[PDB]
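*Asks:* Just dropping this structure here.
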Amino acid sequence: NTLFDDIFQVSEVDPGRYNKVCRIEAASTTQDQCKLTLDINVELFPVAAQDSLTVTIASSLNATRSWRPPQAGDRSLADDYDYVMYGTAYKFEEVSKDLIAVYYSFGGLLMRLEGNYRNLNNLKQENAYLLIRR
Amino acid sequence: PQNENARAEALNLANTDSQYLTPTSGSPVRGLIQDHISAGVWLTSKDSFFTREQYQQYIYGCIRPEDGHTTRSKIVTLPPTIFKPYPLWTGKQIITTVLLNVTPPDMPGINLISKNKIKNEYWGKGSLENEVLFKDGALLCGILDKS
Amino acid sequence: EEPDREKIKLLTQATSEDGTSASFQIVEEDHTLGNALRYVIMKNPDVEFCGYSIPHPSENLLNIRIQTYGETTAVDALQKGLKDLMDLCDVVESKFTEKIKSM
Amino acid sequence: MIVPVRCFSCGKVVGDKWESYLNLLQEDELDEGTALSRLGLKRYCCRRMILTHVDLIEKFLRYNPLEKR
Amino acid sequence: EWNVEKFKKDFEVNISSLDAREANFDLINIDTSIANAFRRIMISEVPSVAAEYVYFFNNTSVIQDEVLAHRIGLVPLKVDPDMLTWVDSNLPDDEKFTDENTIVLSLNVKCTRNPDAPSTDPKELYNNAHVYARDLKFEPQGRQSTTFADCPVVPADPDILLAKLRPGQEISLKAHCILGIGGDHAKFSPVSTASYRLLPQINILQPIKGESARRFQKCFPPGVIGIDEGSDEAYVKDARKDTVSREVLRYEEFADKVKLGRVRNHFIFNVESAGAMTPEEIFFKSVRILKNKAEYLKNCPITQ
């Protein structure tokens with residue numbers, strides 16, 4: 001099930017002493033409170049500045065057991081996007097009144113959200129798939 | 001030594017596992033030394049990405065179930081942190097897997113907030129690779145050092 | 001006749017009840033065959049885990065470990081791998097024979 | 001002493017090239033760089049085996065206990 | 001997905017040069033683990049013939065006995081392997097060296113003084129002052145006087161200087177030459193260097209035509225980069241000629257407009273020879289050792 005969905009607008013792409021990973025600052029286009037900080041593998045999914053990415057956070061992909069490499073005949077929620085990660089939430093922080101930051105770690109590639117209403121669906125789970133299109 | 005009274009003392013009282021902390025001030029005296037320090041700054045880095053044949057080879061290169069390293073008799077692994085464009089594992093996710101296989105199964109993972117020796121400015125803008133975070137036995141942040 | 005039962009040896013302490021997960025130990029081997037055989041076993045869509053390992057450099061012993069998903073034991077996946085590495089050296093021999101005669 | 005039969009790093013036979021080398025320097029008056037490349041040594045590991053040999057056997061052979069003087 | 005038919009369609013061999021001593025060729029679309037195994041066996045597992053036991057009867061030279069035995073072992077003999085069988089190192093010396101395992105070489109040199117007219121060169125001054133590898137004589141023991149009569153045993157490099165003498169000194173030895181592999185000792189290694197390199201890839205990103213191509217010419221070996229105009233401006237003529245020196249990366253004009261990668265499945269093997277076998281033949285002999293190295297495990301009972 002989808003826990004979060006928005007269209008973000010990349011402002012800054014910073015390499016910063018790395019060869020494969022960039023740090024991505026992205027503000028949203030629907031609300032005015034949610035910013036996005038994200039590390040992506042820029043060798044696999046190249047991002048330039050002033051790009052418009054469709055960031056989705058899902059809970060699973062559309063009764064399985066564990067990860068197993070795909071075959072002919074699979075059918076998943078990842079079939080829509082271009083770049084899927086999988087990580088954990090490790091920190092909640094209320095930035096002010098009516099702002100909540102959630103922090104994600106994708107194996108060491110970090111993500112920080114912001115905004116207010118997401119007590120509805122973002123949780124402290126050990127599992128969140130994260131999907132960027134286009 | 002030449003009898004079972006002296007074998008039992010050299011395995012339970014004078015063994016190297018009970019000499020981890022020194023009695024002088026309670027500090028640890030055992031740990032890895034030169035190339036292993038300078039490999040953890042490369043392996044637990046953020047550029048370190050490994051494919052499935054690389055990931056599974058590094059886990060069995062260090063952990064043999066035949067020598068009794070595992071606590072499960074079967075090497076368990078983790079899902080990759082990048083699914084779609086090519087399935088890839090991360091070098092911190094290898095440190096997570098080897099703690100998963102050698103620590104006993106019926107306990108919770110380790111929870112630890114420590115630091116490195118390496119300042120955040122050496123990694124670029126906005127990095128948090130000086131805070132070391134273990135959460136339920138998963139290395140989520142920071143490289144690993146002599147510290 | 002009588003074969004050589006000292007070469008390949010299934011380590012029964014790390015072999016599961018099903019047979020789907022096993023360990024092997026080969027005498028007088030190193031990275032030469034163990035890396036080439038691990039590559040061919042990992043092209044099986046039924047192998048869940050595979051890796052070779054050399055315990056100490058000073059003895060010539062090669063541990064390889066296969067874990068399948070099921071529906072094929074780790075002995076069946078070892079010998080599909082040795083058969084597909086016999087076949088892979090017949091392709092290299094044929095292309096190199098044809099191309100010396102093509103000069 | 002005498003020229004090494006093989007090179008230490010590569011393993012090329014090098015021991016057949018010491019008298020050829022001293023004639024490329026003496027007769028042809030080549031420099032050492034051209035003389036090594038006409039002998040077919042071109043890895044720098046195989047170059048230093050002929051380039052840098054001392055040949056002390058010529059200094060040992062003057063002490064012969066089996067002949068007079 | 002991977003298969004053996006899917007490997008046969010993509011695999012290519014391009015043979016660059018072939019000679020009696022060295023051989024360059026390419027292996028396209030193969031894995032590094034397989035190509036490292038071919039490089040491995042050629043250095044370490046392809047057997048060859050070299051002197052193993054040396055029996056000095058007299059050695060009154062300057063060179064020590066154990067030093068002179070070591071130098072004889074390193075001499076590459078032009079014996080074809082598969083003419084010999086393998087020795088059996090457990091049953092003792094009265095039963096171990098047969099004529100089908102062993103090739104006997106002998107050396108019998110005496111130095112005398114030459115009566116000459118003149119600080120003079122010792123070829124004109126002593127007799128048999130230098131001992132070469134061509135002074136090793138093949139003694140055809142047993143029934144293999146007729147199967148080595150087609151082509152007798154000779155060193156592959158006959159001008160290897162073994163010893164130097166002065167008059168009064170002599171060397172009388174007799175060496176048994178046996179079959180062995182290069183993992184045991186490096187004298188059995190049939191290759192002077194079996195090695196490969198991976199194909200260099202030079203990715204130009206932005207067009208760097210003009211005089212910024214004339215100085216981009218010079219940051220590479222000469223045949224590597226070409227120029228036509230602003231059209232067909234600066235391109236890779238031959239990305240095989242390049243030594244990966246990274247000389248273009250220390251100029252700030254090109255630090256953004258080029259990359260240096262590799263083509264990962266395209267290997268460039270350079271196989272030389274110590275002399276006994278042609279280098280195209282110890283590549284076949286390597287790819288068949290790896291094949292039999294797997295047959296012997298397939299056809300073997302899984303123990304316990």
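All residue names refer to the structure tokens as shown: chains lettered A, B, ... in order, residues numbered from 1 in each chain, ligands numbered from 1 in order.
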Give me the residues of chain A that have any atom at most 6 Å from an atom of chain B; for each, the nearest atom pair and the distance in Å, rounded to one decimal. Use only C-alpha atoms, sort by chain and number, and format it as CSV.
*Replies:*
residue,atom,partner,partner_atom,distance
A:16,CA,B:124,CA,4.2
A:17,CA,B:123,CA,5.8
A:20,CA,B:47,CA,5.8
A:67,CA,B:79,CA,5.3
A:83,CA,B:84,CA,5.4
A:84,CA,B:83,CA,5.1
A:85,CA,B:82,CA,4.4
A:86,CA,B:81,CA,4.9
A:105,CA,B:140,CA,5.9
A:106,CA,B:81,CA,5.9
A:107,CA,B:93,CA,5.7
A:108,CA,B:140,CA,5.1
*Asks:* For chain C, work out the contacting residues on chain E at 8 Å, counting only C-alpha atoms, and write them as a PyMOL selection string.
*Replies:* chain E and resi 1-4+7-8+11-15+33-34+36-37+40-41+284+287-288+290-295+297-298+300-304
*Asks:* Could you save those same residues with C-alpha atoms as a PDB file, in the first residue's frame?
*Replies:*
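Saved result, out-v6.pdb, follows:
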ATOM      1  CA  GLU E   1      19.324 -15.372 -17.828  1.00  0.00           C
ATOM      2  CA  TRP E   2      22.347 -17.487 -18.738  1.00  0.00           C
ATOM      3  CA  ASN E   3      22.794 -20.607 -20.829  1.00  0.00           C
ATOM      4  CA  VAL E   4      25.433 -22.421 -22.830  1.00  0.00           C
ATOM      5  CA  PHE E   7      27.249 -18.000 -24.228  1.00  0.00           C
ATOM      6  CA  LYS E   8      28.153 -19.505 -27.597  1.00  0.00           C
ATOM      7  CA  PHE E  11      31.650 -15.320 -27.337  1.00  0.00           C
ATOM      8  CA  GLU E  12      34.296 -14.170 -29.803  1.00  0.00           C
ATOM      9  CA  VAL E  13      37.994 -14.775 -30.365  1.00  0.00           C
ATOM     10  CA  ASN E  14      40.053 -12.259 -32.337  1.00  0.00           C
ATOM     11  CA  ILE E  15      43.633 -13.399 -32.843  1.00  0.00           C
ATOM     12  CA  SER E  33      36.558 -15.673 -13.278  1.00  0.00           C
ATOM     13  CA  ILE E  34      36.872 -17.882 -16.350  1.00  0.00           C
ATOM     14  CA  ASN E  36      41.555 -15.674 -14.746  1.00  0.00           C
ATOM     15  CA  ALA E  37      41.390 -19.466 -14.689  1.00  0.00           C
ATOM     16  CA  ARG E  40      46.107 -19.318 -13.952  1.00  0.00           C
ATOM     17  CA  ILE E  41      46.584 -22.749 -15.492  1.00  0.00           C
ATOM     18  CA  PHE E 284      44.398 -25.179 -25.779  1.00  0.00           C
ATOM     19  CA  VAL E 287      41.315 -24.741 -21.568  1.00  0.00           C
ATOM     20  CA  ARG E 288      41.365 -28.551 -21.586  1.00  0.00           C
ATOM     21  CA  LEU E 290      40.083 -26.711 -16.682  1.00  0.00           C
ATOM     22  CA  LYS E 291      37.599 -28.938 -18.494  1.00  0.00           C
ATOM     23  CA  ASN E 292      39.185 -32.103 -17.101  1.00  0.00           C
ATOM     24  CA  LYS E 293      39.487 -30.408 -13.718  1.00  0.00           C
ATOM     25  CA  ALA E 294      35.671 -30.399 -13.635  1.00  0.00           C
ATOM     26  CA  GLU E 295      35.174 -33.873 -15.138  1.00  0.00           C
ATOM     27  CA  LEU E 297      34.901 -33.786  -9.818  1.00  0.00           C
ATOM     28  CA  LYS E 298      31.728 -34.699 -11.679  1.00  0.00           C
ATOM     29  CA  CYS E 300      33.733 -38.555  -8.314  1.00  0.00           C
ATOM     30  CA  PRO E 301      31.665 -39.952  -5.418  1.00  0.00           C
ATOM     31  CA  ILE E 302      30.477 -37.415  -2.858  1.00  0.00           C
ATOM     32  CA  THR E 303      31.993 -38.755   0.348  1.00  0.00           C
ATOM     33  CA  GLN E 304      30.135 -39.093   3.699  1.00  0.00           C
TER      34      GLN E 304
END
*Asks:* I want to know what sits within 7 Å of residue 46 (chain D), based on only C-alpha atoms, with residues of the same chain fewer than 3 positions away left out; could you give that as a ChimeraX atom specification?
*Replies:* /D:7,10,41-43,49
*Asks:* From the options E:225, E:282, E:173, E:165, which residue's atoms come nearest to residue 62 (chain D), counting only C-alpha atoms?
*Replies:*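 Looking at the shortest contact to residue 62 (chain D), the residue is E:165.
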*Asks:* Need the shell around residue 30 (chain A): protein/DNA/RNA residues with any atom at most 12 Å away, counting only C-alpha atoms. Skip same-chain ones fewer than 4 positions apart. Format as a PyMOL selection string?
*Replies:* chain A and resi 5-9+34-35+52+54+115
*Asks:* Would you put the residues from that selection into a file with N, CA and C atoms, as a PDB file, in the first residue's frame?
*Replies:*
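Resulting contents of out_6.pdb:
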ATOM      1  N   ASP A   5       3.067  10.070  -1.478  1.00  0.00           N
ATOM      2  CA  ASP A   5       3.209  10.308  -2.904  1.00  0.00           C
ATOM      3  C   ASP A   5       3.219  11.807  -3.115  1.00  0.00           C
ATOM      4  N   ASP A   6       4.188  12.292  -3.883  1.00  0.00           N
ATOM      5  CA  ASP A   6       4.273  13.708  -4.200  1.00  0.00           C
ATOM      6  C   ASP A   6       5.200  13.860  -5.392  1.00  0.00           C
ATOM      7  N   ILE A   7       5.130  15.018  -6.035  1.00  0.00           N
ATOM      8  CA  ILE A   7       6.035  15.375  -7.117  1.00  0.00           C
ATOM      9  C   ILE A   7       6.991  16.423  -6.581  1.00  0.00           C
ATOM     10  N   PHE A   8       8.261  16.078  -6.517  1.00  0.00           N
ATOM     11  CA  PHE A   8       9.271  16.952  -5.963  1.00  0.00           C
ATOM     12  C   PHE A   8      10.056  17.599  -7.086  1.00  0.00           C
ATOM     13  N   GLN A   9      10.644  18.751  -6.794  1.00  0.00           N
ATOM     14  CA  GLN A   9      11.413  19.523  -7.762  1.00  0.00           C
ATOM     15  C   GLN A   9      12.835  19.658  -7.235  1.00  0.00           C
ATOM     16  N   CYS A  34       6.841  20.438   2.670  1.00  0.00           N
ATOM     17  CA  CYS A  34       7.630  19.215   2.591  1.00  0.00           C
ATOM     18  C   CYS A  34       8.820  19.402   1.661  1.00  0.00           C
ATOM     19  N   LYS A  35      10.013  19.353   2.240  1.00  0.00           N
ATOM     20  CA  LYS A  35      11.270  19.265   1.522  1.00  0.00           C
ATOM     21  C   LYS A  35      11.760  17.828   1.524  1.00  0.00           C
ATOM     22  N   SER A  52      12.123  17.073 -12.033  1.00  0.00           N
ATOM     23  CA  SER A  52      10.856  16.839 -11.351  1.00  0.00           C
ATOM     24  C   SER A  52      10.664  15.340 -11.157  1.00  0.00           C
ATOM     25  N   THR A  54       9.023  11.917  -9.122  1.00  0.00           N
ATOM     26  CA  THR A  54       7.787  11.466  -8.495  1.00  0.00           C
ATOM     27  C   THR A  54       8.142  10.492  -7.383  1.00  0.00           C
ATOM     28  N   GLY A 115       7.054  18.020   6.723  1.00  0.00           N
ATOM     29  CA  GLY A 115       5.633  18.191   6.482  1.00  0.00           C
ATOM     30  C   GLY A 115       4.849  17.829   7.717  1.00  0.00           C
TER      31      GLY A 115
END
*Asks:* May I have the residues within 6 Å of residue 13 (chain A) as a PDB file with N, CA and C atoms, in the first residue's frame, using only C-alpha atoms and disregarding those fewer than 6 positions away in the same chain?
*Replies:*
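File written: part_2.pdb
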ATOM      1  N   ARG A  23      23.824  13.822  -3.343  1.00  0.00           N
ATOM      2  CA  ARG A  23      22.882  14.288  -2.338  1.00  0.00           C
ATOM      3  C   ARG A  23      21.912  15.233  -3.031  1.00  0.00           C
ATOM      4  N   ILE A  24      20.618  14.981  -2.874  1.00  0.00           N
ATOM      5  CA  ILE A  24      19.578  15.622  -3.669  1.00  0.00           C
ATOM      6  C   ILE A  24      18.690  16.439  -2.752  1.00  0.00           C
ATOM      7  N   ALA A  49      20.059  19.030 -11.832  1.00  0.00           N
ATOM      8  CA  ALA A  49      19.295  20.046 -11.133  1.00  0.00           C
ATOM      9  C   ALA A  49      18.103  20.468 -11.978  1.00  0.00           C
TER      10      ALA A  49
END
*Asks:* Extract the full set of strand (DSSP E or B) residues from region 12-130 of chain A according to DSSP on the backbone, and format it as a JSON list (two decimals) with N, CA and C atoms, in the first residue's frame.
*Replies:*
[["chain", "number", "residue", "atom", "x", "y", "z"],
["A", 12, "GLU", "N", 19.20, 21.06, -5.94],
["A", 12, "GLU", "CA", 20.64, 20.95, -5.88],
["A", 12, "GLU", "C", 21.05, 19.49, -5.96],
["A", 13, "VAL", "N", 22.06, 19.20, -6.77],
["A", 13, "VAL", "CA", 22.64, 17.87, -6.89],
["A", 13, "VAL", "C", 24.11, 17.99, -6.49],
["A", 14, "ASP", "N", 24.47, 17.44, -5.34],
["A", 14, "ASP", "CA", 25.82, 17.59, -4.81],
["A", 14, "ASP", "C", 26.58, 16.28, -4.80],
["A", 21, "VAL", "N", 27.37, 8.43, -5.68],
["A", 21, "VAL", "CA", 26.24, 8.83, -4.86],
["A", 21, "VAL", "C", 26.19, 10.35, -4.85],
["A", 22, "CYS", "N", 25.01, 10.91, -5.08],
["A", 22, "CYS", "CA", 24.79, 12.34, -4.97],
["A", 22, "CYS", "C", 23.77, 12.61, -3.88],
["A", 23, "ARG", "N", 23.82, 13.82, -3.34],
["A", 23, "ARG", "CA", 22.88, 14.29, -2.34],
["A", 23, "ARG", "C", 21.91, 15.23, -3.03],
["A", 24, "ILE", "N", 20.62, 14.98, -2.87],
["A", 24, "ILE", "CA", 19.58, 15.62, -3.67],
["A", 24, "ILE", "C", 18.69, 16.44, -2.75],
["A", 25, "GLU", "N", 18.64, 17.74, -2.97],
["A", 25, "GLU", "CA", 17.68, 18.61, -2.30],
["A", 25, "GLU", "C", 16.50, 18.83, -3.21],
["A", 26, "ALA", "N", 15.30, 18.56, -2.71],
["A", 26, "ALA", "CA", 14.10, 18.67, -3.53],
["A", 26, "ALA", "C", 12.97, 19.26, -2.70],
["A", 27, "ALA", "N", 12.40, 20.36, -3.18],
["A", 27, "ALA", "CA", 11.18, 20.89, -2.61],
["A", 27, "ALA", "C", 9.99, 20.43, -3.44],
["A", 28, "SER", "N", 8.83, 20.43, -2.82],
["A", 28, "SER", "CA", 7.66, 19.87, -3.46],
["A", 28, "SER", "C", 7.00, 20.87, -4.39],
["A", 35, "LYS", "N", 10.01, 19.35, 2.24],
["A", 35, "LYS", "CA", 11.27, 19.27, 1.52],
["A", 35, "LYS", "C", 11.76, 17.83, 1.52],
["A", 36, "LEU", "N", 12.70, 17.55, 0.63],
["A", 36, "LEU", "CA", 13.26, 16.21, 0.49],
["A", 36, "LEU", "C", 14.77, 16.32, 0.41],
["A", 37, "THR", "N", 15.45, 15.60, 1.28],
["A", 37, "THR", "CA", 16.89, 15.39, 1.20],
["A", 37, "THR", "C", 17.10, 13.90, 0.98],
["A", 38, "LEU", "N", 17.93, 13.54, 0.01],
["A", 38, "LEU", "CA", 18.01, 12.14, -0.38],
["A", 38, "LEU", "C", 19.37, 11.83, -0.99],
["A", 39, "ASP", "N", 19.92, 10.67, -0.67],
["A", 39, "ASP", "CA", 21.08, 10.13, -1.36],
["A", 39, "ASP", "C", 20.61, 9.10, -2.37],
["A", 40, "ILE", "N", 21.03, 9.25, -3.62],
["A", 40, "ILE", "CA", 20.68, 8.29, -4.65],
["A", 40, "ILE", "C", 21.95, 7.80, -5.33],
["A", 41, "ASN", "N", 21.87, 6.60, -5.92],
["A", 41, "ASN", "CA", 22.97, 6.05, -6.69],
["A", 41, "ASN", "C", 22.89, 6.66, -8.08],
["A", 52, "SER", "N", 12.12, 17.07, -12.03],
["A", 52, "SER", "CA", 10.86, 16.84, -11.35],
["A", 52, "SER", "C", 10.66, 15.34, -11.16],
["A", 53, "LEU", "N", 10.84, 14.88, -9.92],
["A", 53, "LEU", "CA", 10.83, 13.46, -9.60],
["A", 53, "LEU", "C", 9.54, 13.12, -8.88],
["A", 54, "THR", "N", 9.02, 11.92, -9.12],
["A", 54, "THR", "CA", 7.79, 11.47, -8.49],
["A", 54, "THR", "C", 8.14, 10.49, -7.38],
["A", 55, "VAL", "N", 8.24, 10.99, -6.16],
["A", 55, "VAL", "CA", 8.70, 10.18, -5.04],
["A", 55, "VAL", "C", 7.50, 9.52, -4.37],
["A", 56, "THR", "N", 7.53, 8.20, -4.27],
["A", 56, "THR", "CA", 6.50, 7.42, -3.62],
["A", 56, "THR", "C", 7.14, 6.60, -2.52],
["A", 57, "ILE", "N", 6.50, 6.53, -1.36],
["A", 57, "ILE", "CA", 6.90, 5.61, -0.31],
["A", 57, "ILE", "C", 5.79, 4.60, -0.14],
["A", 58, "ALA", "N", 6.10, 3.34, -0.37],
["A", 58, "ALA", "CA", 5.13, 2.27, -0.31],
["A", 58, "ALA", "C", 5.48, 1.34, 0.84],
["A", 83, "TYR", "N", 13.50, 3.54, -10.17],
["A", 83, "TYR", "CA", 14.53, 3.45, -9.14],
["A", 83, "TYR", "C", 13.81, 3.13, -7.85],
["A", 84, "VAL", "N", 14.03, 1.93, -7.33],
["A", 84, "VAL", "CA", 13.37, 1.47, -6.12],
["A", 84, "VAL", "C", 14.44, 1.18, -5.08],
["A", 85, "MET", "N", 14.25, 1.70, -3.88],
["A", 85, "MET", "CA", 15.10, 1.34, -2.76],
["A", 85, "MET", "C", 14.28, 0.66, -1.69],
["A", 86, "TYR", "N", 14.95, 0.23, -0.63],
["A", 86, "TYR", "CA", 14.27, -0.43, 0.48],
["A", 86, "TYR", "C", 15.05, -0.16, 1.76],
["A", 87, "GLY", "N", 14.41, 0.48, 2.73],
["A", 87, "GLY", "CA", 15.09, 0.84, 3.95],
["A", 87, "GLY", "C", 14.25, 0.86, 5.20],
["A", 88, "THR", "N", 14.77, 1.48, 6.26],
["A", 88, "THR", "CA", 14.10, 1.53, 7.54],
["A", 88, "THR", "C", 13.94, 2.98, 7.97],
["A", 89, "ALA", "N", 12.96, 3.23, 8.82],
["A", 89, "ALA", "CA", 12.84, 4.50, 9.50],
["A", 89, "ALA", "C", 13.51, 4.39, 10.85],
["A", 90, "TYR", "N", 14.36, 5.35, 11.19],
["A", 90, "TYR", "CA", 15.06, 5.26, 12.45],
["A", 90, "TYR", "C", 14.83, 6.44, 13.37],
["A", 91, "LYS", "N", 14.12, 7.47, 12.95],
["A", 91, "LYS", "CA", 13.98, 8.65, 13.78],
["A", 91, "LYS", "C", 12.73, 9.41, 13.38],
["A", 92, "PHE", "N", 11.99, 9.87, 14.38],
["A", 92, "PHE", "CA", 10.92, 10.83, 14.21],
["A", 92, "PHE", "C", 11.30, 12.12, 14.91],
["A", 93, "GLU", "N", 10.94, 13.24, 14.31],
["A", 93, "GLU", "CA", 11.25, 14.51, 14.92],
["A", 93, "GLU", "C", 10.18, 15.51, 14.52],
["A", 94, "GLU", "N", 9.60, 16.20, 15.50],
["A", 94, "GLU", "CA", 8.70, 17.30, 15.20],
["A", 94, "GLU", "C", 9.53, 18.58, 15.09],
["A", 95, "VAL", "N", 9.53, 19.17, 13.90],
["A", 95, "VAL", "CA", 10.39, 20.30, 13.62],
["A", 95, "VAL", "C", 9.89, 21.54, 14.35],
["A", 96, "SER", "N", 8.58, 21.72, 14.37],
["A", 96, "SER", "CA", 7.91, 22.78, 15.10],
["A", 96, "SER", "C", 6.54, 22.23, 15.47],
["A", 99, "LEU", "N", 4.78, 20.44, 12.02],
["A", 99, "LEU", "CA", 5.76, 19.89, 11.10],
["A", 99, "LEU", "C", 6.35, 18.64, 11.73],
["A", 100, "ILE", "N", 6.51, 17.60, 10.92],
["A", 100, "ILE", "CA", 7.05, 16.32, 11.34],
["A", 100, "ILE", "C", 8.10, 15.91, 10.32],
["A", 101, "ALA", "N", 9.30, 15.58, 10.79],
["A", 101, "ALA", "CA", 10.34, 15.01, 9.95],
["A", 101, "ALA", "C", 10.46, 13.52, 10.25],
["A", 102, "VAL", "N", 10.53, 12.71, 9.21],
["A", 102, "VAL", "CA", 10.84, 11.29, 9.35],
["A", 102, "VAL", "C", 12.17, 11.05, 8.66],
["A", 103, "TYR", "N", 12.98, 10.17, 9.24],
["A", 103, "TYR", "CA", 14.30, 9.91, 8.69],
["A", 103, "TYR", "C", 14.36, 8.47, 8.23],
["A", 104, "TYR", "N", 14.90, 8.25, 7.04],
["A", 104, "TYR", "CA", 15.05, 6.92, 6.50],
["A", 104, "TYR", "C", 16.51, 6.64, 6.19],
["A", 105, "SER", "N", 16.89, 5.37, 6.34],
["A", 105, "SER", "CA", 18.24, 4.91, 6.02],
["A", 105, "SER", "C", 18.14, 3.73, 5.08],
["A", 106, "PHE", "N", 18.64, 3.90, 3.86],
["A", 106, "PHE", "CA", 18.62, 2.86, 2.84],
["A", 106, "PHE", "C", 20.03, 2.28, 2.76],
["A", 109, "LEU", "N", 22.36, 5.12, 2.83],
["A", 109, "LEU", "CA", 21.89, 6.21, 1.99],
["A", 109, "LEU", "C", 20.67, 6.81, 2.68],
["A", 110, "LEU", "N", 20.79, 8.05, 3.13],
["A", 110, "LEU", "CA", 19.83, 8.61, 4.06],
["A", 110, "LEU", "C", 18.78, 9.45, 3.34],
["A", 111, "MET", "N", 17.61, 9.57, 3.97],
["A", 111, "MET", "CA", 16.54, 10.42, 3.46],
["A", 111, "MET", "C", 15.83, 11.10, 4.62],
["A", 112, "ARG", "N", 15.58, 12.40, 4.48],
["A", 112, "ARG", "CA", 14.84, 13.16, 5.47],
["A", 112, "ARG", "C", 13.65, 13.83, 4.81],
["A", 128, "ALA", "N", 10.27, 0.12, 4.25],
["A", 128, "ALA", "CA", 9.56, 1.08, 3.43],
["A", 128, "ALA", "C", 10.24, 1.06, 2.08],
["A", 129, "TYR", "N", 9.50, 0.75, 1.04],
["A", 129, "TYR", "CA", 10.02, 0.81, -0.31],
["A", 129, "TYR", "C", 9.90, 2.24, -0.80],
["A", 130, "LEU", "N", 10.84, 2.65, -1.64],
["A", 130, "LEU", "CA", 10.92, 4.05, -2.01],
["A", 130, "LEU", "C", 11.26, 4.18, -3.48]]
*Asks:* When the cut-off is 7 Å and we count only C-alpha atoms, which residues of chain D are near chain E, given as a list in words?
*Replies:* residues 5, 6, 10, 11, 12, 15, 16, 61, 66 and 67 of chain D
*Asks:* Would you give me, as a PyMOL selection string, the residues of chain C that come within 10 Å of chain A, using only C-alpha atoms?
*Replies:* chain C and resi 45-46+48+69
*Asks:* Which residue gives the smallest distance to residue 13 (chain C) among B:106, B:131, B:145, B:66, with only C-alpha atoms counted?
*Replies:*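 Smallest distance to residue 13 (chain C) is found for B:66.
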*Asks:* Neighbours of residue 238 (chain E) within 12 Å (only C-alpha atoms; same-chain residues fewer than 6 positions away dropped), as a ChimeraX atom specification?
*Replies:* /E:199-202,220-226
*Asks:* If you measure from CA of residue 264 (chain E) to CA of residue 237 (chain E), what distance in Å do you get, rounded to one decimal?
*Replies:*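 Computing the Euclidean distance for CA of residue 264 (chain E) and CA of residue 237 (chain E) yields 19.4 Å.
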